[PDB]
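Here is the structure we will look at.
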Amino acid sequence: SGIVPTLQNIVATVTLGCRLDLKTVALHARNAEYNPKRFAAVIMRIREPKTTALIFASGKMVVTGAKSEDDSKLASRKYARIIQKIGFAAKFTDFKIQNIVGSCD
DNA sequence: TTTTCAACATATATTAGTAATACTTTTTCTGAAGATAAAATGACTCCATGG
Numbered sequence: 387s388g389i390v391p392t393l394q395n396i397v398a399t400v401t402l403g404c405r406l407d408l409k410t411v412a413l414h415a416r417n418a419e420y421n422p423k424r425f426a427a428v429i430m431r432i433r434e435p436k437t438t439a440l441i442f443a444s445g446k447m448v449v450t451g452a453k454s455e456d457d458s459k460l461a462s463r464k465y466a467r468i469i470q471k472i473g474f475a476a477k478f479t480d481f482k483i484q485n486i487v488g489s490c491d
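See below:
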């Protein structure tokens, strides 16, 4: 009622439309970890707006750490700036919220 | 020393998306006495040659 539910995180997805080498991308990043022995994909994160999201080998991705949409597609595009700066063409396609997190009392 | 705190942390459950692997299942799919008989016993006889 007078108290509004809150947005914790929002999960989405984006397809880059091209497949890359997670090894090659793992070479230049500030936020990266890649161990297929542990998990087959690479860690991607940022300090602001404090988002992780995700990356795949096939060139798709999941979006996490987004408290709102102004941060999400913002960050979603930004994580592609390493690639289009370093890796392949990797456009921004198929952006849809996979889930939204919220909490209140 | 012991006790209460605390505190640190870490699972625990949801909902996702992957993607990939590994791992269990499931579902085919084959590799008591006196008749009755069976056979060994034996005699009979056809039929063999030879002096």
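So for the first sequence, the deposited numbering puts the first residue at 387; every next one is plus one.
Ideal placement from N, C-alpha and C gives every residue a C-beta, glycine not left out.
Give a yes or no on whether the C-beta atoms belonging to residue i and residue j are separated by under 8 Å.
i	j	result
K459	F481	yes
residue 370	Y465	One cannot answer for residue 370 here, as it falls past the ends of the chain, which runs 387 to 491.
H414	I483	no
Spatial neighbours of residue i within its chain, please: C-beta separation below 6 Å, excluding the five flanking residues on both sides.
i	result
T479	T401 and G403
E419	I429
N485	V397
Determine the extent of the beta strand (DSSP E) in which residue i is found, giving its start and end residues.
i	result
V428	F425 to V428
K482	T479 to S489
With a CB to CB cut of under 8 Å and the five nearest residues on each side skipped, what residues in its chain are close to residue i?
i	result
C490	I389, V390, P391 and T392
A476	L402, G403, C404, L406, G445, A466, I469 and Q470
Under 7 Å Cβ to Cβ from residue i, same chain only, skipping five residues before and after it: list those, please.
i	result
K436	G451
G488	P391, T392, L393 and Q394
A461	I432, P435, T437, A439 and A452
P422	none
On the DSSP bridge assignment, give the partners of residue i in chain order.
i	result
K446	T401
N421	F425
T392	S489
Please list the terminal residues of the continuous alpha helix (DSSP H) segment that includes residue i.
i	result
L460	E455 to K471
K409	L408 to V411
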